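This report concerns only the one structure given below.
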Amino acid sequence: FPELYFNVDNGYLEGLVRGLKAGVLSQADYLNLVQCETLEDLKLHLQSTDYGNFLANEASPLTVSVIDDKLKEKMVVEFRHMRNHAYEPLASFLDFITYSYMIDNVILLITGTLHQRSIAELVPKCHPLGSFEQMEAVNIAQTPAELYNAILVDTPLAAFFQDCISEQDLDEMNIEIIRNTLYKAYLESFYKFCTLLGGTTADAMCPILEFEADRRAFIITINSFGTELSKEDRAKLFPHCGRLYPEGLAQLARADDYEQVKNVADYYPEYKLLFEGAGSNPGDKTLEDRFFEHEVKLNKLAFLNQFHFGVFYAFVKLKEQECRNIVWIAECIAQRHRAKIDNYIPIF
Amino acid sequence: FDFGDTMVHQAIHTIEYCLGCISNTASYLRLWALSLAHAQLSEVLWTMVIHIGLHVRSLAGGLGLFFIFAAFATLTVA
Amino acid sequence: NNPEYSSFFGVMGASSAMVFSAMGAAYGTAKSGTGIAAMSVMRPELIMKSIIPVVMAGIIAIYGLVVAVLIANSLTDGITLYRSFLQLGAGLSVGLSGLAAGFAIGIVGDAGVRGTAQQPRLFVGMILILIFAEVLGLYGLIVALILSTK
Amino acid sequence: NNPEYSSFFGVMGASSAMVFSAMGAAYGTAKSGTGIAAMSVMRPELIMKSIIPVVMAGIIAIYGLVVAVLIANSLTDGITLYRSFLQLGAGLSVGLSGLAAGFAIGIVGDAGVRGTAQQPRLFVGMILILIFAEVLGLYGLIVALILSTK
Amino acid sequence: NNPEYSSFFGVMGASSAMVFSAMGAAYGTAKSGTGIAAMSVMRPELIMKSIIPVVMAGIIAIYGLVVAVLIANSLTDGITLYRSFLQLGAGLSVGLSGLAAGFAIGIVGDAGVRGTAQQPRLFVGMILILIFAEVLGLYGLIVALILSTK
Amino acid sequence: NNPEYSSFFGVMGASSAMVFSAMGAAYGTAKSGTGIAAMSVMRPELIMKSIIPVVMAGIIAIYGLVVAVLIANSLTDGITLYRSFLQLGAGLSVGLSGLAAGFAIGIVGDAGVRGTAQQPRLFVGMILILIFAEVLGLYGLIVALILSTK
Amino acid sequence: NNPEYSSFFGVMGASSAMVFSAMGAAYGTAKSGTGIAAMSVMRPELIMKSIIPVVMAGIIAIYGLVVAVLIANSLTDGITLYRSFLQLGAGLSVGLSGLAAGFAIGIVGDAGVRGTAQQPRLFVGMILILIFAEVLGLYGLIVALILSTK
Amino acid sequence: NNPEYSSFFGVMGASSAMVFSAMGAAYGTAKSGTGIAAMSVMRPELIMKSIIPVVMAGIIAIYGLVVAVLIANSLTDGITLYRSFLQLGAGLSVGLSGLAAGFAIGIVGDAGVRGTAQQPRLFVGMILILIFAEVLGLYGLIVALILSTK
Amino acid sequence: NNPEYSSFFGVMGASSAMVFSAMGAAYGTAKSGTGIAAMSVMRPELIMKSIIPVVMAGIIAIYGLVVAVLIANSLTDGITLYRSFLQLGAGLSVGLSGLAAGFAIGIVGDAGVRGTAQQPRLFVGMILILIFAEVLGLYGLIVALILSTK
Amino acid sequence: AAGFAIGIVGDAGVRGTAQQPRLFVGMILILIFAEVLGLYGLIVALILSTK
Amino acid sequence: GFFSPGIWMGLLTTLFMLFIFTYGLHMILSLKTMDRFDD
Amino acid sequence: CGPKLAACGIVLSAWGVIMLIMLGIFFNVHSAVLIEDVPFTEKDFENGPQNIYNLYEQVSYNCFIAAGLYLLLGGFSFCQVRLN
Amino acid sequence: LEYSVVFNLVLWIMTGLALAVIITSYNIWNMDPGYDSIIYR
Amino acid sequence: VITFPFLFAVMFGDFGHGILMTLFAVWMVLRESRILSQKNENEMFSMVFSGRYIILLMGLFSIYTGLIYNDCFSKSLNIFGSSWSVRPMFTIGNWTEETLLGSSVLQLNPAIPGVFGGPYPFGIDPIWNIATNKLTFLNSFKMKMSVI
Amino acid sequence: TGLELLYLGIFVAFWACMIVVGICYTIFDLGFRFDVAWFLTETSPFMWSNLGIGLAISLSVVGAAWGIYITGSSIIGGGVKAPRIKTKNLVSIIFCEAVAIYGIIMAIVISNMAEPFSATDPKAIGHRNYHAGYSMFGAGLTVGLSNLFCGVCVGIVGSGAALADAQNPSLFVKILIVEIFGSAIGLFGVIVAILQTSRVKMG
């Protein structure tokens with residue numbers, strides 16, 4: 001099926017994004033980057049790959065914050081080009097990548113308005129992937145109720161609020177409940193969208209989204225114990241896409257401690273190995289580190305087929321991990337904390 | 001108590017008994033049904049297997065009939 | 001005397017009695033097995049009770065076999081055409097009713113197993129619900145017998 | 001004398017009565033089974049009330065059977081083409097009216113069950129809604145008897 | 001005596017006996033092989049056991065072959081039209097019943113491999129469900145042998 | 001003598017033998033070469049092992065070709081309808097069974113190579129399951145020889 | 001002598017030559033022009049290099065025009081079915097080839113224009129791929145000239 | 001001598017010439033007018049400059065009109081089938097070619113105008129590309145004028 | 001004297017002249033009407049300007065009526081097949097060209113009116129585009145008047 | 001045709017009227033322009049029914 | 001009464017070219033345009 | 001091998017010998033129930049019943065020889081079930 | 001005579017009429033009015 | 001305790017399968033003192049072992065039904081007499097002409113008096129294992145049985 | 001979705017109507033009509049032939065055209081970051097055009113065979129002419145559809161090879177072998193179509 005139609009609209013961008021993927025840093029490149037003794041040495045190594053001149057025309061008293069910002073700037077430009085060149089099926093899919101950032105940007109807008117801050121103060125600080133089309137919400141910035149209706153009118157995200165959150169819920173609930181509530185509706189809506197793109201996009205992007213549901217339910221549970229969240233709150237936040245949903249998800253909702261969470265993980269061999277591989281002891285990889293390491297593994301596996309949209313999601317996530325890695329190497333080096341520097345996640 | 005729910009459930013049980021006197025009677029046809037299949041499984045599994053060992057000469061037939069019976073036994077069990 | 005094509009409707013009866021019944025039983029099996037496989041991950045013990053929909057899918061193919069055999073054993077070149085249309089009606093009436101049964105056995109035999117995994121008390125309910133699926137194949141058989149033996 | 005093809009439309013009657021009624025009863029059961037199973041976990045006590053839509057989907061298959069039997073018992077080789085078209089009519093009438101009733105019963109017998117565990121007062125309402133579904137099968141039966149007996 | 005066109009149906013039977021069985025055994029294989037590959041990365045040791053669905057799909061291809069060969073060896077230049085129809089029916093009745101078993105082994109094989117990987121206790125129960133798929137092909141063979149030899 | 005149009009079915013036989021086999025081998029080769037290319041970027045060393053599914057897809061094109069040649073060198077204006085239908089049936093049997101074998105070769109030749117990229121132990125398993133695909137082409141061939149040489 | 005319907009096929013030939021070539025060239029143009037529109041925002045100077053696929057698509061319309069005019073000039077009332085079917089074949093041949101060639105030109109343009117915009121080295125590569133796409137159009141022209149002069 | 005019903009193909013020509021050209025013009029106009037409206041909100045000074053795709057779409061409908069009127073004036077009671085088929089082919093040719101030109105005009109008009117909103121230098125390229133679109137209407141018209149006068 | 005069925009084609013013309021024009025006008029009115037509804041909330045004053053799309057959709061329905069009535073007034077029992085087929089061509093010519101017109105009107109009126117919501121200066125541009133859409137109905141009408149007055 | 005037009009413009013019109021009471025005027029005009037298609041169909045149908 | 005030679009030949013041709021027209025038109029209805037442009 | 005295969009070989013040994021010797025008997029007594037099972041040919045509707053009796057003896061030997069092979073599978077399996 | 005012409009004319013014209021009505025009907029039935037700015041308020 | 005085994009045996013009524021299932025259940029009962037100490041991990045064997053006595057009972061009834069049906073593995077007891085009659089009885093001057101047709105093609109026994117061997121004291125007549133119409137006869141029986 | 005459903009509806013309705021007709025003419029005993037004999041005889045052999053020739057070209061051209069843009073799109077898209085791709089990986093396009101070559105070869109060979117009968121009675125047309133028209137159709141159909149599938153496969157696999165090169169140049173030489181296994185299918189189509197053609201004569 002997809003092999004016949006897919007190239008007609010996407011063969012160029014499929015070749016382009018795989019071409020950009022080939023530009024990511026090898027394990028050997030990270031092993032060179034960690035030998036550096038200043039940000040200028042990182043610049044000289046990064047100069048040997050696609051990051052060449054990304055830090056040119058910038059202040060000689062260099063800072064790790066600038067490197068982070070320039071890495072994101074490059075990633076944003078790359079993503080914008082692919083989104084600008086796309087046609088409706090891919091374009092809609094690439095918009096589903098953007099929604100993950102858009103949600104966090106809207107969380108800022110709401111947070112600022114709940115503290116009566118002008119949204120014009122917040123917009124320069126937002127993740128530039130999640131940039132708005134319509135701006136009346138940003139321009140008005142008057143009240144949480146005005147923002148809620150303005151978001152609903154202006155934003156691609158608006159449908160997700162209608163699935164889960166009223167104006168009264170926005171006044172009553174904590175913003176972190178709101179953050180996760182939107183993500184529940186988002187993962188389910190994007191998972192349905194991937195299954196509507198039947199064949200290779202479904203069978204390669206669904207594994208990643210299923211892990212994104214499972215990872216959220218695990219992390220939310222192990223973080224919920226020391227909190228006022230009820231069992232009903234945990235349940236109301238868990239995404240239904242994951243292999244947990246038929247039973248283990250409800251068991252995580254009923255559970256409250258690491259041992260019980262591990263007893264859920266112990267039913268599924270991947271998650272069993274992940275928990276066994278992380279006690280979170282001093283110098284250990286943590287449960288969250290193992291999940292990110294696995295998330296990369298799944299994203300690499302999406303590149304093991306030639307024609308499906310899954311590579312665009314995996315690309316953005318992997319480039320985000322490459323930024324996390326280069327910043328972490330730069331932070332270790334700037335702080336002289338070499339002893340833990342190897343904790344970056346290798347990618348390709 | 002409720003006469004409504006009581007009468008509805010008791011009427012449904014009565015109706016299920018009266019209609020069951022055809023349908024649940026005919027459920028015993030499952031007997032005949034499986035029996036025919038069971039018989040023909042046995043017949044076809046015999047006729048399409050053991051018969052191959054029935055060659056016209058002692059040496060050729062007796063050597064084949066051993067392995068043929070093992071296939072028959074295997075399928076007859078499973 | 002009798003038309004040359006007369007046996008065609010008879011044999012298409014016998015085939016249809018099987019084919020649609022097999023399609024029904026196949027779908028019933030496939031759905032149920034998928035559910036069973038998925039549930040067993042957190043339920044190593046329910047497996048042997050959970051197979052029940054699969055067996056109820058199997059009997060649909062057997063109801064097809066009953067009629068398909070009955071028709072086949074009552075075919076001949078000289079068949080009166082009226083007997084052939086009776087046999088066609090039989091083979092469709094079991095065949096497609098078994099298909100319908102297989103759809104109900106499939107959806108029930110998925111959802112009921114999943115629900116039983118979440119709550120063992122559902123088991124009895126699922127039994128009763130599944131009977132009202134499998135009985136379709138039986139009704140298909142009843143009329144198919146009346147027709148074939150008329 | 002009567003055309004020898006005439007029994008074809010008569011058996012298409014008996015088959016359609018059964019087949020389409022089974023298709024209705026299947027879809028009514030399948031949706032209801034999904035409903036009951038998905039519901040059971042939160043309110044397991046509700047199963048013995050919540051089976052009832054399945055029984056109604058069973059009744060649709062019975063209405064098909066009653067017609068399919070009555071047609072089959074009335075056939076003959078010599079059958080007048082008039083009666084054969086009546087039987088096709090009766091068969092489609094009940095069969096597709098049963099299919100219609102089964103679509104209603106399925107959609108209601110899902111959603112109403114999933115409502116009922118959230119709010120038990122719905123149960124009497126779901127019964128009343130379902131009466132107005134199951135009756136479609138009865139209207140199909142009424143017409144099918146009126147046709148096939150005249 | 002017989003129509004020179006008339007061997008067409010028996011030949012379509014011989015073809016159908018293979019072709020639809022092959023479509024089945026292919027789909028069953030294809031689905032199961034995808035499952036085995038997607039399982040193996042985690043559990044390589046399971047391959048030598050989890051292969052079984054593919055073997056059973058192979059059995060369906062054999063059931064096709066049997067009937068196809070039987071029909072073909074039974075053909076003749078002036079074949080009796082009644083015998084040609086019997087062969088058509090045999091051919092569809094195995095061929096499509098093998099398609100139905102191929103669907104069933106496919107879905108169960110793929111899901112049941114993932115299930116086994118996540119809970120090894122499933123494998124012994126999965127075999128039962130796979131036999132309950134594969135036997136549909138055998139029931140199709142039973143009828144097809146009956147029709148060809150009748 | 002034989003009727004004028006007689007040879008048309010046998011011509012469609014030779015074409016179906018080749019065309020459907022080409023469709024199969026092409027799809028098999030496409031899915032396989034896709035799987036190879038995607039694997040090879042990560043594991044350049046594995047191509048010389050992983051090529052085998054492409055070779056097996058080519059063998060399906062050979063199975064089409066052989067039957068098509070046999071039909072094409074058997075065809076004549078003088079051909080009896082019986083041998084013309086046999087050539088049609090053969091061509092469809094190998095061509096469509098070959099297509100089925102090509103579908104399975106393509107699915108496993110992908111998923112298996114992708115799995116092998118992650119876990120080399122899969123290779124033996126992948127070959128076994130791939131043999132149970134390619135053999136359907138051989139079963140197609142067997143029936144096609146038996147028909148077309150009758 | 002010749003049937004009054006005879007000229008109808010050569011007419012449909014002339015139509016198909018022009019229509020299916022116009023369709024192919026339109027699609028080729030539509031894709032390429034959409035690519036130009038997007039490209040020009042970053043590389044406004046590059047338009048008059050990047051327009052190549054657009055004129056090439058127009059040339060595919062001209063290939064159909066040539067054949068269509070040639071057929072149209074070759075038509076008459078008293079035309080033999082032989083000449084009429086030759087002209088039909090020419091029309092279909094160039095026509096579907098004109099779709100195919102125009103479609104490849106469009107897709108290759110939509111890619112190649114954007115590829116050149118980001119990487120000037122690709123420009124000649126695009127043109128080579130487009131020349132091959134045009135040669136497919138030549139093959140449709142060449143057969144069509146041959147049959148139209150036969 | 002001429003047969004009855006003979007005007008049908010020729011007037012289907014006349015209608016099709018108009019109709020399919022108007023459909024091409026409609027799609028051309030619809031997509032162009034959409035892109036113009038969206039562009040014009042940012043750039044009102046480009047309104048009158050940007051109408052040209054809509055003018056070209058009107059010209060496509062006029063090419064259909066020209067052929068349609070020329071056929072409509074040449075149709076007569078008891079006309080020869082030769083002229084009737086020439087008029088069919090002419091009207092199909094311009095009409096269906098006018099669809100193609102319409103899609104190219106609509107797509108290039110929409111993309112071109114919205115790209116021009118961001119970059120004025122696109123306007124020159126867009127117009128040249130739209131000439132390479134619009135000329136397909138002339139090519140259809142040429143063949144249609146030729147055919148309708150043979 | 002003249003044949004039976006004489007009027008049937010001209011009757012389909014009269015209906016077609018109406019129905020397809022009404023479908024066009026309905027789409028035109030519907031799509032543009034929704035844009036007016038949306039715009040009115042932002043721009044209280046522009047409602048009575050923004051109706052012109054819907055007025056022109058009414059004009060398309062009037063063009064259909066003009067031809068439909070002219071055909072209907074021209075029908076008789078004894079009508080020559082010539083005028084009956086011409087009237088079919090007429091009714092399709094206006095009806096489907098009016099469909100094309102109304103489809104264009106709907107889109108350009110929606111996009112134009114939503115554009116005027118953001119920037120009222122677009123109204124002059126929208127009217128020019130609307131004239132180029134509406135005239136497709138006039139072209140269909142011209143041909144249809146010829147094909148009904150002849 | 002008139003039915004679809006009325007349904008679409010009636011829906012969008014009534015919805016928009018929730019925010020804009022002035023839309024009622026435009027809505028009635030558009031409803032007239034939709035409904036008259038039914039009247040035109042009746043006109044020709046009366047003509048044909050009496051020809 | 002129900003069909004004729006010229007009709008059959010006409011139809012095989014017509015249906016064949018209508019299949020090609022469907023294929024061509026399917027690709028044409030599959031044409032798409034951008035909703036954004038570069039900086 | 002393993003003990004599972006040896007246990008199967010014991011069961012098939014006993015069952016095989018039982019059925020195969022009973023077949024050897026039913027063939028040697030020329031039993032009429034076996035007419036559809038014996039591989040007769042057109043030349044067996046000529047000369048007389050001696051022709052079929054020769055085939056019944058040969059097929060009786062097939063089942064006796066196969067039973068002998070199942071006795072050997074028995075002796076092997078009774079070793080393997082203790083050795084594994 | 002030519003009942004086969006008449007039959008095909010009636011069939012293919014009734015088919016082409018019906019398909020043009022059906023496709024247009026399906027389009028206007030399933031068209032999107034896009035009034036989301038009101039669904040949000 | 002009887003009813004379930006009885007219906008199972010009506011279903012599973014092959015004489016040889018009745019024996020093989022009987023044997024399996026017997027080997028579980030005979031090895032009971034051993035099996036009670038063995039691995040719990042073979043849950044399949046533990047389940048059927050917990051059914052061993054009931055499985056045996058239904059195995060015995062399946063022998064009994066298989067005996068009345070007169071079939072082991074498509075084989076029947078030629079130890080018995082017959083209601084069928086030898087070929088000479090089809091050739092009593094009457095029916096000999098039909099037996100000459102029967103010396104080229106298939107024929108049906110009419111069960112006419114004097115030719116027919118009369119009422120029968122065993123289970124099903126052994127001849128119905130080989131007869132081409134047997135399934136019709138068997139179906140008339142097994143339906144009517146199940147109903148009662 | 002919708003545009004496929006409209007076509008699917010026509011497709012299912014077509015076969016449903018054939019089943020209705022097939023039953024109808026059977027049960028009404030009219031099944032002496034629609035004897036495939038007159039259809040396969042009153043049709044002109046030239047119709048079958050010319051469709052054959054045009055199929056041989058055009059289906060090959062379709063297979064090749066898909067072939068071309070499927071690989072080409074990837075050449076371009078990888079080429080942005082790996083310009084080296086274009087010169088060498090273009091061999092896939094050459095093989096896609098080779099599928100078109102196989103078309104034009106077989107089509108020209110077929111095109112030599114046809115000549116006028118000067119006859120309209122099926123008996124005066126005679127077996128050779130019918131057998132030729134059918135065989136030519138068969139050949140042209142065989143090569144056409146075989147090439148159709150061959151070219152699409154070559155385009156697919158060649159795209160894969162181009163995107164492999166984009167990561168490592170050495171992969172191209174290794175992977176390229178699959179384009180042969182693709183291309184061979186088109187050659188097999190040619191071989192069969194030659195043999196189907198090999199006995200033909202007309203007039």
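Simple scheme: letters A, B, ... for chains in structure tokens order, numbers from 1 for residues in each chain, numbers from 1 for ligands in the order shown.
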
- Contact residues around residue 14 in chain J with only C-alpha atoms at 9 Å, ignoring same-chain residues under 5 positions, as a ChimeraX atom specification: /I:37 /J:9,23-24,27

Restricting the output to N, CA, C and O atoms, write the selected residues as a short mmCIF file (atom, residue, chain, number, x, y, z; two decimals), in the first residue's frame.
```cif
data_model
loop_
_atom_site.label_atom_id
_atom_site.label_comp_id
_atom_site.auth_asym_id
_atom_site.auth_seq_id
_atom_site.Cartn_x
_atom_site.Cartn_y
_atom_site.Cartn_z
N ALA I 37 -22.22 34.09 7.17
CA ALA I 37 -22.54 33.89 8.58
C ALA I 37 -21.32 34.15 9.46
O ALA I 37 -21.40 34.98 10.37
N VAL J 9 -26.84 26.45 5.44
CA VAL J 9 -26.95 27.88 5.77
C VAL J 9 -27.78 28.10 7.03
O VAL J 9 -27.47 28.99 7.80
N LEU J 23 -27.28 39.03 11.90
CA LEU J 23 -27.17 37.97 10.90
C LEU J 23 -28.55 37.41 10.52
O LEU J 23 -28.70 36.93 9.40
N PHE J 24 -29.56 37.53 11.37
CA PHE J 24 -30.92 37.10 11.05
C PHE J 24 -31.42 37.65 9.71
O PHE J 24 -31.93 36.89 8.89
N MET J 27 -29.40 35.86 6.92
CA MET J 27 -29.87 34.48 6.96
C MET J 27 -31.21 34.33 6.24
O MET J 27 -31.31 33.46 5.38
#
```

- Message: Residues of chain O within 10 Å of chain D, counting only C-alpha atoms, what are they? List them as a list in words.
- Response: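 My answer is residues 24, 26, 27, 28 and 29 of chain O.
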
- Identify every residue of chain A that has at least one atom within 12 Å of any atom of chain D, counting only C-alpha atoms, and report the result as a ChimeraX atom specification. /A:246-247,250

Selected residues, N, CA, C and O atoms, written as a PDB file, in the first residue's frame, please.
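Done, and the output landed in selection08.pdb:
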```pdb
ATOM      1  N   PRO A 246      -5.088  -1.835  29.099  1.00  0.00           N
ATOM      2  CA  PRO A 246      -6.062  -2.860  29.430  1.00  0.00           C
ATOM      3  C   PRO A 246      -6.070  -3.295  30.896  1.00  0.00           C
ATOM      4  O   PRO A 246      -7.097  -3.783  31.354  1.00  0.00           O
ATOM      5  N   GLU A 247      -4.969  -3.152  31.637  1.00  0.00           N
ATOM      6  CA  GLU A 247      -4.911  -3.584  33.041  1.00  0.00           C
ATOM      7  C   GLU A 247      -3.822  -2.880  33.848  1.00  0.00           C
ATOM      8  O   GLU A 247      -4.097  -2.255  34.870  1.00  0.00           O
ATOM      9  N   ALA A 250      -4.476   0.716  35.023  1.00  0.00           N
ATOM     10  CA  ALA A 250      -5.335   0.766  36.193  1.00  0.00           C
ATOM     11  C   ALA A 250      -4.570   0.303  37.440  1.00  0.00           C
ATOM     12  O   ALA A 250      -4.691   0.917  38.498  1.00  0.00           O
TER      13      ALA A 250
END
```

- For chain O against chain K, which residues fall within 8 Å using only C-alpha atoms, given as a list in words? residues 39, 42, 43, 44 and 47 of chain O

With the cut-off set at 9 Å and counting only C-alpha atoms, tabulate each residue of chain L with an atom at most that distance from an atom of chain B, showing the nearest atom pair and its distance in Å to one decimal, ordered by chain and increasing number, as CSV.
```
residue,atom,partner,partner_atom,distance
L:12,CA,B:73,CA,7.0
L:15,CA,B:73,CA,8.9
L:16,CA,B:69,CA,7.3
L:37,CA,B:51,CA,6.5
L:38,CA,B:54,CA,6.8
L:39,CA,B:56,CA,6.8
L:40,CA,B:56,CA,8.6
L:55,CA,B:56,CA,6.1
L:56,CA,B:56,CA,8.8
L:57,CA,B:58,CA,8.6
L:58,CA,B:58,CA,5.1
L:59,CA,B:54,CA,5.9
L:60,CA,B:58,CA,8.1
L:61,CA,B:58,CA,5.3
L:62,CA,B:62,CA,3.8
L:63,CA,B:62,CA,6.0
L:64,CA,B:62,CA,7.4
L:65,CA,B:62,CA,5.0
L:66,CA,B:62,CA,4.9
L:67,CA,B:66,CA,7.7
L:69,CA,B:66,CA,6.6
L:70,CA,B:66,CA,7.2
```

- Message: Between CA of residue 111 in chain O and CA of residue 56 in chain O, what distance in Å does the model show, to one decimal?
- Response: 10.5 Å

- Interface list for chain I, partner chain H, 6 Å threshold, only C-alpha atoms, as a PyMOL selection string: chain I and resi 82+85+89+93+96-97+100-101+104+107-108+111-112+115+119+125+136

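Take CA of residue 11 in chain B and CA of residue 123 in chain C: the distance between them is 24.8 Å.
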
- Item | CA of residue 130 in chain G to CA of residue 105 in chain G, distance in Å rounded to a single decimal | 5.8 Å

- Task: For range 313-330 of chain A, please output as JSON, numbers by chain all residues within 7 Å (counting only C-alpha atoms; exclusion window: fewer than 4 positions along the same chain).
- Result: {"A": [21, 34, 39, 64, 68, 71, 75, 97, 296, 299, 302, 334, 341, 344, 345]}

Compute the set of chain O residues within 10 Å of chain M, using only C-alpha atoms, and express it as a short mmCIF file (atom, residue, chain, number, x, y, z; two decimals) with C-alpha atoms, in the first residue's frame.
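Printed below is selection39.cif as written:
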```
data_model
loop_
_atom_site.label_atom_id
_atom_site.label_comp_id
_atom_site.auth_asym_id
_atom_site.auth_seq_id
_atom_site.Cartn_x
_atom_site.Cartn_y
_atom_site.Cartn_z
CA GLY O 2 -14.20 9.39 -0.04
CA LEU O 3 -12.90 9.32 -3.65
CA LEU O 6 -17.05 6.22 -4.69
CA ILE O 10 -18.97 1.28 -8.61
#
```
